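**Q** Pasting an experimental structure with its sequence.
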There are 2 protein chains.
Amino acid sequence: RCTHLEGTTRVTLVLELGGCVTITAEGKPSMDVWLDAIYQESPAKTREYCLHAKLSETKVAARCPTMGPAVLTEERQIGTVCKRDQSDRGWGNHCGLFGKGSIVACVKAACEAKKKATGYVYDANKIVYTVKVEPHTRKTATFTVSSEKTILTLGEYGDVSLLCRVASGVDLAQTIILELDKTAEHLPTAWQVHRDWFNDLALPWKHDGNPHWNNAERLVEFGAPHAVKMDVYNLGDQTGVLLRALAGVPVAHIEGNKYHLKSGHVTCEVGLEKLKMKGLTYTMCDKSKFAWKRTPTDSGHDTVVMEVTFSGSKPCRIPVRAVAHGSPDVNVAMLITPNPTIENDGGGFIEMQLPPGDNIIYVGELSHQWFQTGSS
Amino acid sequence: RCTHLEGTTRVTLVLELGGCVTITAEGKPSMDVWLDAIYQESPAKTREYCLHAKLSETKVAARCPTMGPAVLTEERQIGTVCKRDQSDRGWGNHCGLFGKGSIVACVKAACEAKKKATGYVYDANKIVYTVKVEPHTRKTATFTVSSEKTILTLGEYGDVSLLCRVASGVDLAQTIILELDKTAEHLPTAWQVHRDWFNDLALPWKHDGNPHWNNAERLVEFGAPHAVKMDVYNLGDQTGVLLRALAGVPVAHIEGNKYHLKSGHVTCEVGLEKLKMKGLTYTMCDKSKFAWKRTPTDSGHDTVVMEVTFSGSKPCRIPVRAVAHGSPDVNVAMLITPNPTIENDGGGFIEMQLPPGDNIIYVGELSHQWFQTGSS
């Protein structure tokens, strides 16, 4: 989704992620600046939620309705879920006093492999921004909060200054990359969610490395007790629940160590007074020896694009122009490619804006017509 | 949860499932009637929902923004999920006309093994009821809608007539047993849910045997397309979702072919004029040669229970009585065990109601005191 930005010597841009900006000044080469990616490498873990429990064999203890308290070894340990209630005992048991007794049911909870959900948070002091200037509608500039000014030496075009204010997006406090462990299936991984949401999840969690699990009763549920017994059940794989919650929330991307934001912008102050044209020593190309490689067609982003073959004298400068019907002697071609030059290796593609109506585009002598639709 | 039902010759009962009813008439032996189970063997399947999808390798086709329609072999087949939209093509592709193109992404959907959820429905004409009379606070009587009257020959006690009106519970139209396939874990199976709910589930389903799956887009979701590609994702195992929905809904029980209801009642017209006592030819036991096997203790269900050892002449009839303090010569023992007789094999357990206050219970000469708490 490019945006054009037609001269003075300084420009201010808001480069949003996934956004192209073709800046073009009178008498200067046009160039494409676009915030490529905002990332942080190996951020800090906050929590690891468990999407699927894994329960040991249940241990149940129980005693009579007046004296005996029920005790177990899974009691007073770490990493177990326990519960205790009525038991409705009597003489059918070996519990001679009729009445309501004491139970306890305990299960050692653990988390099954590859069923973690890890949450990573962002430190602004450690985030990197990529800007990537390129000519005629490539070099990369890395920015941090701590370094936000860089001079790019665009080969044989000149020098471009970039002072890119790091405008943090969602407050990097609020932001969490949610990464699932790579289940063998083909399902998404690493959404970008809000911290206040991520911490408010009804799933067993812990801290990175902590050998035991917190709030494991959220995936374990017990049954009614029968005088010596009480059933314990697992609530099964929660991956479906989480994917339901994460419906439509966009998937953030990860290149190994690099964790990406899918939000945020950067405000760059592009200084373009040190850059030069492609070259004006060139003699004009033979006005006749052209042909169309590709007809003038819509750029899609409101300009007109085309490519031409030149079967004559190599490096030279192209005589591009356009006319509006009725005034054949005024030029209406507003070239986005400012000085199209056909070169040794090849190339020589032309882009221009045209006023609405019928126009005739002349590349030397090669003519072709275009209808630039009215504003819409 | 027994209920006592203290004479005439006919009784009407509402026996609810999980409910004991101790019917006792003057001069007749007391007996326990209880609806044991309501079931139907191998009922009809309605639907099989899929809790976890299983997607083939995606096939993606795409063509240019003016002419080419996108087609595939997974199109015009059965058991696939497909979708098609914009594609934003141009010259970076091999798609020379700039503009928005045509896509299609198709995946063969199947259901993973042991991830079915089957729904069984009840035909009233095929449901069986069990009633199970037994003496002194065992024989089984089977009832259907089509046969609802049976004479039980309680050995040496007599004959009991049972006319049990089959009062269908939840309209067996509305009722569905939900059975999960036996996942290796220890998790519940076979809830009893309502049909209007069971059919309103956002899961892929089919009919018993149907080789392909309906509405498989409910577990499959696609991504944004990039000019030749468009990602397809699985929503993972839904077992967690269903167990969340089924939180607290009681688990119905299954004995192989037998599927159980956990609701419903039966209205039985117990006829008890053909049953006789344990035996009154017996000479009274030696009023002295007794001892307590188990002290008079609360029945829990508002009566008093006890057991006695007799070290003397075998089969005989026990002289049980009770007195309220202040009137030592009136009998207040309201025996639920009407004619306690100590027998050869053993036994001879006594149950009685007592008026509130201090009472003294006399088994022959063996005395023991009891405090029957006031009404509460």
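**A** Looks like it came in fine. Residues are numbered from 1 along each chain as shown, chains lettered A, B, ... in the order given.

**Q** For chain A, list the residues in contact with chain B, please.
**A** Within chain A, the positions near chain B by Cβ under 8 Å from any Cβ of the partner chain are A:51-52, A:55, A:58, A:90-91, A:96-99, A:183, A:185-188, A:221, A:223, A:232-241, A:243-244, A:247, A:251, A:294, A:297-300, A:305. Every C-beta, even on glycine, is put in place using the N, C-alpha and C of the backbone.

**Q** I'd like to know which of those residues are part of helices.
**A** Judged by DSSP state H, the subset of the residues of chain A next to chain B located in helices is A:239-241, A:243-244.

**Q** Which parts of the stretch 201-350 of chain A are strands?
**A** A:220-226, A:229-234, A:254-255, A:258-260, A:265-275, A:290-298, A:304-310, A:316-317, A:320-324, A:334-335, A:341-342, A:349-353 (DSSP state E, counting those that start in this stretch).

**Q** List the buried residues in the fourth one.
**A** Spelled out, that is strand A:258-260. A:259-260 (16 or more other Cβ atoms under 10 Å in any protein chain shown).

**Q** Pull up the pairing partners for that strand, direction included.
**A** Sheet pairing of strand A:258-260 (DSSP bridges) gives strand A:38-41 (antiparallel), strand A:254-255 (antiparallel).

**Q** Count residues in the vicinity of the nearest residue to residue A:43 once chain neighbours are set aside, would you?
**A** The shortest distance from residue A:43 to any non-neighbouring residue, by Cβ to Cβ, 6 or more residues apart in numbering or on different chains, is to residue A:120 (4.2 Å). Counted with other Cβ atoms under 10 Å in any protein chain shown, residues neighbouring residue A:120 total 20.

**Q** residues in contact with residue A:120?
**A** A:43-46, A:176-177, A:179, A:259 (Cβ atoms under 8 Å, 6 or more residues apart in numbering or on different chains).

**Q** Can I get whichever strand or helix holds it in PDB? Just the C-alpha atoms.
**A** Applying DSSP states H and E as the criterion places residue A:120 in strand A:116-121. C-alpha atoms of strand A:116-121 as PDB (Å, rounded to 0.1, in the frame of the first residue of the first chain):
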ATOM      1  CA  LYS A 116       3.000 -25.300  26.700                       C
ATOM      2  CA  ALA A 117       2.000 -21.800  25.800                       C
ATOM      3  CA  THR A 118       4.800 -19.400  26.500                       C
ATOM      4  CA  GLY A 119       4.400 -15.600  26.800                       C
ATOM      5  CA  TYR A 120       7.200 -13.200  25.900                       C
ATOM      6  CA  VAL A 121       7.300  -9.500  26.700                       C
END
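
**Q** tell me what the helix or strand following that strand is packed against?
**A** With elements assigned by DSSP H and E, the helix or strand that comes after strand A:116-121 is strand A:128-130. Applying 3 or more Cβ pairs under 8 Å, 6 or more residues apart in numbering or on different chains; DSSP states H and E, one finds that strand A:128-130 contacts strand A:38-41, strand A:142-143.

**Q** Switch the ones you listed over to TSV; also include mean neighbour count.
**A** As requested, the helices and strands packed on strand A:128-130 are exported to TSV (neighbours: other Cβ atoms under 10 Å in any protein chain shown):
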stretch	mean neighbour count
strand A:38-41	19
strand A:142-143	18
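
**Q** now those strands in JSON lines, with distance to residue B:4?
**A** Output for the helices and strands packed on strand A:128-130, formatted as JSON lines (distance: least, Cβ to Cβ, whole Å):
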{"stretch": "strand A:38-41", "distance to residue B:4": "74"}
{"stretch": "strand A:142-143", "distance to residue B:4": "85"}
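
**Q** With respect to residue B:24, which of those strands lies nearest?
**A** strand A:38-41 (79.5 Å; Cβ to Cβ).

**Q** Tell me, how many residues neighbour residue A:31?
**A** 24.

**Q** before we move on, what about residue A:344?
**A** What residue A:344 shows, counting by other Cβ under 10 Å, is a neighbour count of 7.

**Q** same thing with residue A:72?
**A** Neighbour tally, residue A:72, other Cβ under 10 Å: 16.
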